[PDB]
Structures are given as C-alpha cells and as structure tokens.
$ cat data20.tsv   # TSV, C-alpha atoms and all ligand atoms
chain	number	residue	atom	x	y	z
A	1	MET	CA	148.18	66.82	114.13
A	2	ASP	CA	146.42	66.17	110.82
A	3	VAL	CA	147.22	68.45	107.87
A	4	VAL	CA	144.53	70.03	105.68
A	5	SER	CA	144.14	72.57	102.90
A	6	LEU	CA	141.45	75.23	103.30
A	7	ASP	CA	140.39	78.39	101.55
A	8	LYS	CA	138.58	79.75	104.61
A	9	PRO	CA	137.56	78.58	108.10
A	10	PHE	CA	134.02	78.13	109.35
A	11	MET	CA	132.95	81.61	110.54
A	12	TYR	CA	129.35	80.79	111.48
A	13	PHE	CA	127.76	77.69	112.98
A	14	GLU	CA	125.71	77.01	109.83
A	15	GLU	CA	128.88	76.42	107.81
A	16	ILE	CA	129.85	73.30	109.83
A	17	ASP	CA	129.30	70.57	107.24
A	18	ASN	CA	129.66	67.39	109.30
A	19	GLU	CA	128.94	65.95	112.75
A	20	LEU	CA	130.43	63.49	115.21
A	21	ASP	CA	128.96	61.67	118.20
A	22	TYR	CA	130.05	63.44	121.37
A	23	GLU	CA	132.55	61.52	123.48
A	24	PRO	CA	132.80	62.38	127.22
A	25	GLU	CA	136.65	62.25	127.26
A	26	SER	CA	137.63	65.80	128.31
A	27	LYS	CA	146.19	75.53	127.13
A	28	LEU	CA	146.99	79.19	126.39
A	29	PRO	CA	147.43	81.67	129.26
A	30	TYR	CA	144.37	83.94	129.61
A	31	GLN	CA	142.65	82.16	126.72
A	32	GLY	CA	139.21	83.30	127.91
A	33	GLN	CA	140.06	86.96	127.52
A	34	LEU	CA	141.58	86.30	124.09
A	35	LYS	CA	138.44	84.44	122.99
A	36	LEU	CA	136.22	87.39	124.08
A	37	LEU	CA	138.45	90.11	122.65
A	38	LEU	CA	138.48	88.46	119.22
A	39	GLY	CA	134.72	87.94	118.96
A	40	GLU	CA	134.07	91.45	120.25
A	41	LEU	CA	136.65	93.03	117.94
A	42	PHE	CA	134.95	91.11	115.12
A	43	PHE	CA	131.42	92.14	116.07
A	44	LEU	CA	132.37	95.75	116.73
A	45	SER	CA	134.48	96.04	113.56
A	46	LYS	CA	131.57	94.74	111.53
A	47	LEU	CA	129.45	97.55	113.09
A	48	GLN	CA	132.18	100.01	112.16
A	49	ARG	CA	131.90	98.87	108.54
A	50	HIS	CA	128.11	99.40	108.57
A	51	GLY	CA	128.79	102.84	110.05
A	52	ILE	CA	126.60	102.19	113.09
A	53	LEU	CA	129.35	102.14	115.69
A	54	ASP	CA	130.34	105.81	115.60
A	55	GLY	CA	128.28	107.76	118.09
A	56	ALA	CA	127.10	104.61	119.86
A	57	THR	CA	127.18	103.68	123.53
A	58	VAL	CA	128.39	100.13	124.17
A	59	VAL	CA	126.53	98.54	127.09
A	60	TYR	CA	128.44	95.46	128.26
A	61	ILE	CA	126.49	93.39	130.78
A	62	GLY	CA	128.49	90.76	132.64
A	63	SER	CA	131.80	92.44	131.77
A	64	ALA	CA	133.75	91.72	134.95
A	65	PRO	CA	136.69	91.35	135.20
A	66	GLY	CA	136.87	92.48	131.55
A	67	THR	CA	140.64	92.88	131.23
A	68	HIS	CA	140.35	92.55	127.44
A	69	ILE	CA	137.85	95.42	127.28
A	70	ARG	CA	140.69	97.89	127.87
A	71	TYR	CA	142.21	96.73	124.53
A	72	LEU	CA	138.86	97.21	122.74
A	73	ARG	CA	138.43	100.73	124.15
A	74	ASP	CA	141.98	101.76	123.27
A	75	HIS	CA	141.67	100.29	119.76
A	76	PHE	CA	138.58	102.28	118.75
A	77	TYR	CA	139.76	105.33	120.72
A	78	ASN	CA	142.98	105.39	118.68
A	79	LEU	CA	140.90	104.98	115.51
A	80	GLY	CA	138.97	108.19	116.32
A	81	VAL	CA	135.67	106.34	116.73
A	82	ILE	CA	133.53	108.14	119.32
A	83	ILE	CA	132.23	105.49	121.72
A	84	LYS	CA	130.94	105.52	125.27
A	85	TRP	CA	131.44	102.37	127.32
A	86	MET	CA	129.19	101.27	130.19
A	87	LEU	CA	130.31	98.06	131.90
A	88	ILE	CA	127.80	96.65	134.40
A	89	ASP	CA	128.59	93.63	136.55
A	90	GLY	CA	128.00	92.40	140.09
A	91	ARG	CA	131.69	91.60	140.54
A	92	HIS	CA	134.45	94.19	140.45
A	93	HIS	CA	136.20	94.97	137.19
A	94	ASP	CA	139.88	94.72	136.38
A	95	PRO	CA	141.52	97.90	137.77
A	96	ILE	CA	143.27	98.29	134.37
A	97	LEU	CA	139.92	99.87	133.32
A	98	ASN	CA	140.37	102.73	135.81
A	99	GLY	CA	140.80	106.38	134.95
A	100	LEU	CA	139.04	106.30	131.56
A	101	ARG	CA	136.57	109.16	131.17
A	102	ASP	CA	134.69	107.33	128.37
A	103	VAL	CA	134.37	104.08	130.39
A	104	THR	CA	131.76	103.99	133.15
A	105	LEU	CA	132.09	101.08	135.60
A	106	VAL	CA	128.85	100.00	137.32
A	107	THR	CA	128.85	97.43	140.14
A	108	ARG	CA	125.36	95.94	140.12
A	109	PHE	CA	123.40	92.86	139.07
A	110	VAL	CA	121.03	93.94	136.32
A	111	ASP	CA	117.34	93.13	136.55
A	112	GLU	CA	114.32	94.30	134.53
A	113	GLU	CA	113.79	97.38	136.68
A	114	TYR	CA	117.39	98.59	136.32
A	115	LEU	CA	117.39	97.83	132.58
A	116	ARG	CA	114.56	100.40	132.26
A	117	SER	CA	116.51	103.00	134.19
A	118	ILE	CA	119.60	102.81	132.02
A	119	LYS	CA	117.43	102.88	128.88
A	120	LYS	CA	115.71	106.07	130.02
A	121	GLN	CA	119.08	107.71	130.73
A	122	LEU	CA	120.72	106.68	127.45
A	123	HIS	CA	117.73	107.27	125.18
A	124	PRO	CA	117.66	108.36	122.37
A	125	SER	CA	121.36	107.55	121.82
A	126	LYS	CA	122.33	104.41	119.90
A	127	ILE	CA	122.87	101.44	122.22
A	128	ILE	CA	125.04	98.46	121.28
A	129	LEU	CA	124.58	95.50	123.63
A	130	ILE	CA	127.23	92.97	124.61
A	131	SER	CA	126.18	90.29	127.11
A	132	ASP	CA	128.43	87.66	128.66
A	133	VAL	CA	126.34	86.94	131.76
A	134	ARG	CA	126.51	83.52	133.39
A	135	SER	CA	125.06	82.34	136.70
A	136	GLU	CA	129.12	74.36	135.94
A	137	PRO	CA	125.71	75.90	135.11
A	138	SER	CA	122.48	73.97	134.90
A	139	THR	CA	119.91	74.13	132.12
A	140	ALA	CA	117.76	76.13	134.53
A	141	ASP	CA	120.63	78.58	134.95
A	142	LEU	CA	121.03	78.89	131.17
A	143	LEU	CA	117.29	79.32	130.65
A	144	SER	CA	117.22	82.14	133.19
A	145	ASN	CA	120.34	83.67	131.58
A	146	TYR	CA	118.78	83.55	128.16
A	147	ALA	CA	115.46	84.93	129.44
A	148	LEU	CA	117.33	87.86	131.00
A	149	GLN	CA	119.19	88.41	127.71
A	150	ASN	CA	115.86	88.58	125.90
A	151	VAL	CA	114.65	91.18	128.40
A	152	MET	CA	117.91	93.05	127.70
A	153	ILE	CA	116.95	93.31	124.02
A	154	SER	CA	113.25	94.14	124.45
A	155	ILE	CA	113.97	96.95	126.94
A	156	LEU	CA	117.34	98.33	125.81
A	157	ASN	CA	116.29	98.04	122.14
A	158	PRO	CA	119.93	98.07	120.97
A	159	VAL	CA	120.81	98.80	117.35
A	160	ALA	CA	122.85	95.58	117.47
A	161	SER	CA	123.81	92.96	120.02
A	162	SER	CA	126.27	90.19	120.87
A	163	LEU	CA	124.80	87.54	123.16
A	164	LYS	CA	126.37	84.52	124.86
A	165	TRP	CA	124.83	81.47	123.18
A	166	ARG	CA	125.44	77.85	124.24
A	167	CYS	CA	122.50	75.51	123.77
A	168	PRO	CA	121.60	73.26	126.71
A	169	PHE	CA	122.85	69.74	126.20
A	170	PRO	CA	120.17	67.33	124.86
A	171	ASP	CA	120.55	65.00	127.86
A	172	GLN	CA	119.79	67.97	130.14
A	173	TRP	CA	116.79	69.29	128.18
A	174	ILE	CA	113.81	70.79	130.05
A	175	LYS	CA	111.54	72.81	127.74
A	176	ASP	CA	111.64	74.65	124.47
A	177	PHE	CA	112.85	78.23	124.74
A	178	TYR	CA	113.25	81.25	122.47
A	179	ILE	CA	116.24	83.33	121.36
A	180	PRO	CA	116.69	86.24	118.97
A	181	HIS	CA	117.41	85.96	115.28
A	182	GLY	CA	121.10	86.43	114.54
A	183	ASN	CA	124.32	85.00	113.18
A	184	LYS	CA	125.95	82.27	115.27
A	185	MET	CA	129.55	83.42	115.20
A	186	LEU	CA	132.16	80.72	116.04
A	187	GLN	CA	134.88	81.48	118.56
A	188	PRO	CA	138.54	80.68	117.96
A	189	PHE	CA	140.49	79.88	121.13
A	190	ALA	CA	137.39	78.74	122.98
A	191	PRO	CA	137.82	75.86	125.44
A	192	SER	CA	138.88	72.64	123.69
A	193	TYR	CA	135.37	71.16	123.57
A	194	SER	CA	133.11	74.15	124.25
A	195	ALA	CA	129.89	74.39	122.26
A	196	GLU	CA	129.44	78.10	123.03
A	197	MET	CA	129.14	80.72	120.29
A	198	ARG	CA	128.18	84.39	120.00
A	199	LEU	CA	124.74	85.33	118.64
A	200	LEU	CA	125.33	88.53	116.61
A	201	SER	CA	122.17	90.52	115.72
A	202	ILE	CA	121.72	93.73	113.76
A	203	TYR	CA	118.13	94.87	114.20
A	204	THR	CA	116.32	96.40	111.20
A	205	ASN	CA	112.56	95.21	115.57
A	206	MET	CA	113.56	91.71	116.73
A	207	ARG	CA	112.08	88.26	116.02
A	208	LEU	CA	112.35	85.27	118.36
A	209	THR	CA	113.00	81.70	117.26
A	210	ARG	CA	112.20	78.49	119.13
A	211	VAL	CA	115.00	76.13	120.19
A	212	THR	CA	113.98	72.47	120.41
A	213	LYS	CA	115.61	69.38	121.87
A	214	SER	CA	116.44	68.20	118.34
A	215	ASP	CA	118.33	71.50	117.92
A	216	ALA	CA	120.29	70.71	121.08
A	217	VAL	CA	121.39	67.43	119.47
A	218	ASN	CA	122.37	69.19	116.24
A	219	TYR	CA	124.50	71.63	118.22
A	220	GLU	CA	126.17	68.91	120.24
A	221	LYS	CA	127.12	66.88	117.19
A	222	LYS	CA	128.25	69.79	115.00
A	223	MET	CA	130.25	71.41	117.81
A	224	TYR	CA	131.94	68.11	118.62
A	225	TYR	CA	133.02	67.57	115.03
A	226	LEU	CA	134.31	71.15	115.01
A	227	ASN	CA	136.24	70.69	118.26
A	228	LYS	CA	137.41	67.13	117.69
A	229	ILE	CA	138.30	67.17	113.98
A	230	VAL	CA	138.38	70.67	112.47
A	231	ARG	CA	140.11	72.62	115.24
A	232	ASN	CA	142.82	69.95	115.36
A	233	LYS	CA	143.99	70.42	111.75
A	234	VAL	CA	147.06	72.31	110.54
A	235	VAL	CA	146.16	74.44	107.52
A	236	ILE	CA	149.21	73.53	105.44
A	237	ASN	CA	148.58	76.10	102.70
A	238	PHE	CA	148.09	78.99	105.16
A	239	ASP	CA	150.90	81.59	105.01
A	240	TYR	CA	151.41	82.39	108.70
A	241	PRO	CA	153.97	81.63	111.45
A	242	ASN	CA	151.40	79.36	113.13
A	243	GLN	CA	149.28	77.22	110.85
A	244	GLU	CA	146.96	75.68	113.46
A	245	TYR	CA	143.28	76.08	112.69
A	246	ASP	CA	142.54	78.44	115.55
A	247	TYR	CA	145.15	80.85	114.14
A	248	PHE	CA	143.73	80.34	110.66
A	249	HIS	CA	140.31	81.16	112.14
A	250	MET	CA	141.68	84.14	114.13
A	251	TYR	CA	143.39	85.41	110.99
A	252	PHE	CA	140.12	85.73	109.06
A	253	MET	CA	138.45	87.49	112.00
A	254	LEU	CA	141.33	89.93	112.39
A	255	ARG	CA	141.37	91.07	108.76
A	256	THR	CA	137.97	92.71	109.26
A	257	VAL	CA	139.57	95.02	111.84
A	258	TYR	CA	140.52	98.64	111.11
A	259	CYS	CA	143.99	100.05	111.69
A	260	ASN	CA	145.48	103.53	111.86
A	261	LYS	CA	148.89	102.24	110.77
A	262	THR	CA	149.42	101.19	107.14
A	263	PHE	CA	151.24	97.93	106.34
A	264	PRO	CA	152.82	96.59	103.14
A	265	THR	CA	150.72	93.41	103.21
A	266	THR	CA	147.53	92.09	104.79
A	267	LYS	CA	149.72	89.44	106.50
A	268	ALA	CA	151.85	92.16	108.11
A	269	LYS	CA	148.68	93.87	109.37
A	270	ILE	CA	147.31	90.66	110.91
A	271	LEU	CA	150.75	89.81	112.33
A	272	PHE	CA	151.09	93.24	113.94
A	273	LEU	CA	147.51	92.99	115.28
A	274	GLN	CA	147.95	89.47	116.69
A	275	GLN	CA	151.17	90.43	118.46
A	276	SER	CA	149.61	93.55	119.93
A	277	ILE	CA	146.71	91.51	121.26
A	278	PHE	CA	148.99	88.79	122.64
A	279	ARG	CA	151.45	91.19	124.24
A	280	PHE	CA	148.66	93.05	126.05
A	281	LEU	CA	147.14	89.80	127.31
A	282	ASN	CA	150.62	88.50	128.31
A	283	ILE	CA	150.45	85.57	125.87
A	284	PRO	CA	153.81	84.35	124.42
B	301	LIG	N1	122.30	89.83	136.28
B	301	LIG	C1	123.59	90.07	136.09
B	301	LIG	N2	124.00	91.36	135.99
B	301	LIG	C2	125.30	91.60	135.81
B	301	LIG	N3	126.31	90.74	135.70
B	301	LIG	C3	125.87	89.48	135.81
B	301	LIG	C4	124.57	89.07	136.00
B	301	LIG	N4	124.50	87.69	136.07
B	301	LIG	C5	125.74	87.29	135.92
B	301	LIG	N5	126.62	88.33	135.77
B	301	LIG	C6	128.06	88.24	135.57
B	301	LIG	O1	128.32	87.39	134.48
B	301	LIG	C7	129.74	87.17	134.51
B	301	LIG	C8	130.08	85.88	133.81
B	301	LIG	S1	131.80	85.75	133.26
B	301	LIG	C9	132.10	87.32	132.44
B	301	LIG	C10	133.49	87.50	131.91
B	301	LIG	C11	133.75	88.93	131.41
B	301	LIG	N6	133.06	89.18	130.12
B	301	LIG	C12	135.25	89.17	131.21
B	301	LIG	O2	135.54	89.97	130.36
B	301	LIG	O3	136.04	88.57	131.92
B	301	LIG	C13	130.14	87.20	135.99
B	301	LIG	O4	131.18	88.15	136.19
B	301	LIG	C14	128.84	87.60	136.71
B	301	LIG	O5	129.07	88.50	137.77

$ encode --input "data20.tsv" --output "structure tokens"
Amino acid sequence: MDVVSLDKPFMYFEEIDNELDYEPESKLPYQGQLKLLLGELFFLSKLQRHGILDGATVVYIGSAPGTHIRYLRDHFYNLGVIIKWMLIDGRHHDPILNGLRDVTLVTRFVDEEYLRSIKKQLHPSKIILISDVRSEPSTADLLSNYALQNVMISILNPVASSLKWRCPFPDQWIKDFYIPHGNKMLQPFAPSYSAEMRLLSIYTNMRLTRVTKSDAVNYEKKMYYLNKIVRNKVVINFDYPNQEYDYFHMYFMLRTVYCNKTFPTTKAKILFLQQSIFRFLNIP
C-alpha cells in the first residue's frame, strides 16, 4: 500500500478534497456489524456529550439482526446512562438481544400508521431515531426508503437521528428527491467501494434539502476517490498497532466515546475499546 502522513482523517463527506472517475472493477469477518457499531457509538456518544442522550428512548428501525446493538446497550448501561431501546424490524433479531428489560424487540414492518402509534405511546419522552432500513436495490427502492425515513422524522419528531444515506447512482437517476439537513458522517470499515454514509441530525424543527443528479455525480466521484485512494493509504505517522487508514479513521471516532475505566493514555483507551469491540464481534 501507499504511505501517507495525516493529522486527521476525513470525518464528514464535505472534507473529501478530491475526486476520481468511478471504475466498475469491483475482507473482515462481520464487517457490517463493525461498521454499524462504530457509527452508532459515534453518533450516540456525541449525543451523550450534548447531554441529550440521558433519559432518551432509542428507536432503531431496521435493526434486525442487530448483533452489534447488544454492545451498544451494554456500553451505555455500564456507563449509567438511562436509555430505553426499541428495535423494530420485519425480520427476527439476533437472540443475543434476549432477556434485556430495557430492550424491547418488535417484529413488524413500520408504516405511517404504526409510526403514529409508537409516537403516541412514547410521547412526551425524548426519542432518538436510528434507521438502517433497506428494501441490490433499485433507485425506486432507495427513493421509497428515503421517503419512509422522512416520514419517520416528521411523525416521530426525534431530538436527533441517524439515517442511512447513499445517493442513487447518476446513471440510475429518476427524479430529484429531498432529505433532511444533517452531517454526512463517513463510515470506516464500510464495503471496499461503498458510497453509503450516515446522515446525523440534531434538530433545534427539520429542514429538507433537494438532491439533484449533479449531486449524485459529486457523490460518486468523491466516494470513489475516498475508497480507491484514501482508504488504501497507511498513515505512517500514526501511533497504533495497525496503521491502515480505516484504523486511523476508527481511532478518531473511538476517542469521542466515554469509558468507566481510566487509562494512562488516550492510545490505551482506544486500544482497550477496539479490542473489546473486536472480541465481541469475533474479529481477530
Ligand atoms: N418498513 C420497514 N420496517 C422495518 N424494518 C424494515 C423496513 N424495511 C426494511 N426493513 C429492514 O431493513 C433491514 C436492512 S439491513 C439492517 C441491518 C441491521 N441494522 C443490523 O444491525 O444488522 C432489514 O432487516 C429489513 O427487514
């Protein structure tokens, strides 16, 4: 691999400072669950900092199988953060999520009508929304997914939200569509050439923004450069057992996390955290 020297990785899509023409030419065990757990630990730990997580109910739509969620719940539980978890999915969840009084498992495909019923039952408690719903998917599938996610926000009115965000590819465009305002958080350990990110919103009332076909091209080119060039560098100045970019990226995400244990160095804290995550997910 190519070596490089960085002060920080790209955390949000806007920071990508170069593009590359997509080329059609296209590793870790349970990498999907690792990718989710990191982005959700990041998003939730940022809510912990703003003090809006304590006393909240996390509503996770499309959570099945959700093996990683058991690590989230344990993490904040051991931190003393009071959280209620409600995991709603058509498919069955990982049985590792069984027997937890603060985790409610719901087997159902959410529609507008049901979204109103869970809002009425949770109101006026703080709701935090996490959506990973997906119906390969077509641009029509994505458009329906993103329309449902919008309905999620307008009805559930969460204090904050994390939404699956992958723009349709320009050569599969259909129409302009709208998505919420938010920060486009990049995902370490995503599939080699995935252009998917997490749209993180903290609502002060939401505002929608139009996504055009020229935006689809910007996404394609920036994500390709990120996946082809950036994510294939070794950060030679980084002080860590593994210097590959994705670990550099993971490192910066993990240092926002809270810990009950005290460590002599930030590096020791990240190292302990990374091992704990990997051991639970069965990753060498
Ligand atoms: N309307 C809907 N309501 C609930 N779940 C939905 C849905 N549409 C799609 N899904 C779910 O979206 C999921 C996409 S994959 C989800 C992965 C999950 N976050 C994990 O932790 O492993 C599927 O499990 C599918 O059942």

$ closest_residue --input "data20.tsv" --among "A:140, A:254, A:156, A:14" --to "residue A:275" --atoms "all atoms listed in the file"
A:254

$ atom_distance --input "data20.tsv" --atom1 "atom CA of residue A:28" --atom2 "atom CA of residue A:190"
10.2 Å

$ residues_near_ligand --input "data20.tsv" --ligand "ligand LIG 301 (chain B)" --cutoff "10 Å" --atoms "only C-alpha atoms and all ligand atoms" --output "VMD selection string"
chain A and resid 30 32 to 37 60 to 70 87 to 94 106 to 112 114 to 115 130 to 135 141 144 to 145 148 to 149 164

$ closest_residue --input "data20.tsv" --among "A:186, A:273, A:167, A:281" --to "residue A:15" --atoms "all atoms listed in the file"
A:186

$ closest_atom_pairs --input "data20.tsv" --of "stretch 236-280 of chain A" --to "stretch 39-54 of chain A" --cutoff "8 Å" --atoms "only C-alpha atoms" --output "tab-separated table"
residue	atom	partner	partner_atom	distance
A:253	CA	A:42	CA	5.9
A:254	CA	A:42	CA	7.0
A:256	CA	A:45	CA	6.5
A:257	CA	A:45	CA	5.5
A:258	CA	A:45	CA	7.0

$ residues_around --input "data20.tsv" --residues "stretch 80-85 of chain A" --least-positions-apart "5" --cutoff "7 Å" --atoms "all atoms listed in the file" --output "PyMOL selection string"
chain A and resi 54-59+102-104

$ atom_distance --input "data20.tsv" --atom1 "atom CA of residue A:245" --atom2 "atom CA of residue A:232"
6.7 Å

$ closest_residue --input "data20.tsv" --among "A:5, A:162, A:227, A:237" --to "residue A:201" --atoms "all atoms listed in the file"
A:162

$ atom_distance --input "data20.tsv" --atom1 "atom CA of residue A:236" --atom2 "atom CA of residue A:7"
10.8 Å

$ closest_residue --input "data20.tsv" --among "A:27, A:261, A:267, A:249" --to "residue A:191" --atoms "all atoms listed in the file"
A:27

$ closest_residue --input "data20.tsv" --among "A:224, A:177, A:76, A:203" --to "residue A:154" --atoms "all atoms listed in the file"
A:203

$ residues_near_point --input "data20.tsv" --point "(144.3, 89.5, 111.4)" --cutoff "7 Å" --atoms "all atoms listed in the file" --output "PyMOL selection string"
chain A and resi 250-255+269-271+273-274

$ closest_residue --input "data20.tsv" --among "A:161, A:209, A:194, A:243" --to "residue A:225" --atoms "all atoms listed in the file"
A:194

$ residues_near_point --input "data20.tsv" --point "(134.7, 70.1, 120.8)" --cutoff "10 Å" --atoms "only C-alpha atoms" --output "PDB file with C-alpha atoms, in the coordinates of the input"
ATOM      1  CA  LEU A  20     130.430  63.490 115.210  1.00  0.00           C
ATOM      2  CA  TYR A  22     130.050  63.440 121.370  1.00  0.00           C
ATOM      3  CA  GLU A  23     132.550  61.520 123.480  1.00  0.00           C
ATOM      4  CA  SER A  26     137.630  65.800 128.310  1.00  0.00           C
ATOM      5  CA  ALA A 190     137.390  78.740 122.980  1.00  0.00           C
ATOM      6  CA  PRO A 191     137.820  75.860 125.440  1.00  0.00           C
ATOM      7  CA  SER A 192     138.880  72.640 123.690  1.00  0.00           C
ATOM      8  CA  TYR A 193     135.370  71.160 123.570  1.00  0.00           C
ATOM      9  CA  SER A 194     133.110  74.150 124.250  1.00  0.00           C
ATOM     10  CA  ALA A 195     129.890  74.390 122.260  1.00  0.00           C
ATOM     11  CA  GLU A 196     129.440  78.100 123.030  1.00  0.00           C
ATOM     12  CA  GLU A 220     126.170  68.910 120.240  1.00  0.00           C
ATOM     13  CA  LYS A 221     127.120  66.880 117.190  1.00  0.00           C
ATOM     14  CA  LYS A 222     128.250  69.790 115.000  1.00  0.00           C
ATOM     15  CA  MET A 223     130.250  71.410 117.810  1.00  0.00           C
ATOM     16  CA  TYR A 224     131.940  68.110 118.620  1.00  0.00           C
ATOM     17  CA  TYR A 225     133.020  67.570 115.030  1.00  0.00           C
ATOM     18  CA  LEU A 226     134.310  71.150 115.010  1.00  0.00           C
ATOM     19  CA  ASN A 227     136.240  70.690 118.260  1.00  0.00           C
ATOM     20  CA  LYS A 228     137.410  67.130 117.690  1.00  0.00           C
ATOM     21  CA  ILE A 229     138.300  67.170 113.980  1.00  0.00           C
ATOM     22  CA  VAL A 230     138.380  70.670 112.470  1.00  0.00           C
ATOM     23  CA  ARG A 231     140.110  72.620 115.240  1.00  0.00           C
ATOM     24  CA  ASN A 232     142.820  69.950 115.360  1.00  0.00           C
TER      25      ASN A 232
END

$ decode --input "data20.tsv" --residues "stretch 47-99 of chain A" --atoms "C-alpha atoms" --output "mmCIF file, in the first residue's frame"
data_model
loop_
_atom_site.group_PDB
_atom_site.id
_atom_site.type_symbol
_atom_site.label_atom_id
_atom_site.label_comp_id
_atom_site.auth_asym_id
_atom_site.auth_seq_id
_atom_site.Cartn_x
_atom_site.Cartn_y
_atom_site.Cartn_z
ATOM 1 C CA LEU A 47 -25.434 12.925 21.970
ATOM 2 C CA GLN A 48 -24.001 11.965 25.349
ATOM 3 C CA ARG A 49 -21.644 14.952 25.139
ATOM 4 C CA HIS A 50 -24.558 17.313 24.352
ATOM 5 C CA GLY A 51 -26.358 15.772 27.325
ATOM 6 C CA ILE A 52 -29.378 14.767 25.237
ATOM 7 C CA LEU A 53 -28.909 11.015 25.447
ATOM 8 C CA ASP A 54 -29.689 10.515 29.138
ATOM 9 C CA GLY A 55 -33.383 9.882 29.599
ATOM 10 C CA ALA A 56 -33.918 9.209 25.900
ATOM 11 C CA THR A 57 -35.579 6.281 24.148
ATOM 12 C CA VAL A 58 -33.608 4.985 21.170
ATOM 13 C CA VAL A 59 -35.926 3.853 18.371
ATOM 14 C CA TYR A 60 -33.971 1.703 15.903
ATOM 15 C CA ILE A 61 -35.924 0.934 12.736
ATOM 16 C CA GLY A 62 -34.487 -1.797 10.543
ATOM 17 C CA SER A 63 -32.352 -3.170 13.392
ATOM 18 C CA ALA A 64 -32.504 -6.879 12.583
ATOM 19 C CA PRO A 65 -30.416 -8.920 13.154
ATOM 20 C CA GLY A 66 -28.670 -6.176 15.164
ATOM 21 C CA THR A 67 -25.992 -8.282 16.863
ATOM 22 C CA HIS A 68 -23.887 -5.152 17.421
ATOM 23 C CA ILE A 69 -26.749 -3.425 19.240
ATOM 24 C CA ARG A 70 -26.117 -5.635 22.278
ATOM 25 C CA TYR A 71 -22.651 -4.000 22.578
ATOM 26 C CA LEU A 72 -24.187 -0.502 22.352
ATOM 27 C CA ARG A 73 -26.764 -1.279 25.047
ATOM 28 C CA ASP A 74 -24.185 -2.811 27.386
ATOM 29 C CA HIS A 75 -21.785 0.102 26.837
ATOM 30 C CA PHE A 76 -24.216 2.852 27.873
ATOM 31 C CA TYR A 77 -25.779 0.620 30.536
ATOM 32 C CA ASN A 78 -22.363 0.188 32.184
ATOM 33 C CA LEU A 79 -21.847 3.955 31.914
ATOM 34 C CA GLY A 80 -25.009 4.577 33.986
ATOM 35 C CA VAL A 81 -26.793 6.299 31.105
ATOM 36 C CA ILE A 82 -30.542 5.639 31.377
ATOM 37 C CA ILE A 83 -31.733 4.551 27.926
ATOM 38 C CA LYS A 84 -34.688 2.594 26.629
ATOM 39 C CA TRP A 85 -34.195 0.643 23.417
ATOM 40 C CA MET A 86 -36.969 -0.195 20.951
ATOM 41 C CA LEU A 87 -35.822 -2.274 17.964
ATOM 42 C CA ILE A 88 -38.438 -2.667 15.227
ATOM 43 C CA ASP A 89 -37.854 -4.873 12.192
ATOM 44 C CA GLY A 90 -39.782 -7.279 9.991
ATOM 45 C CA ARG A 91 -37.105 -9.944 10.372
ATOM 46 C CA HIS A 92 -36.194 -11.578 13.665
ATOM 47 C CA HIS A 93 -33.412 -10.124 15.777
ATOM 48 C CA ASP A 94 -30.252 -11.795 16.982
ATOM 49 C CA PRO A 95 -31.217 -13.871 20.068
ATOM 50 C CA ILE A 96 -28.197 -12.311 21.860
ATOM 51 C CA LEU A 97 -30.607 -9.377 22.445
ATOM 52 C CA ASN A 98 -32.913 -11.563 24.574
ATOM 53 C CA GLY A 99 -33.646 -11.112 28.246
#
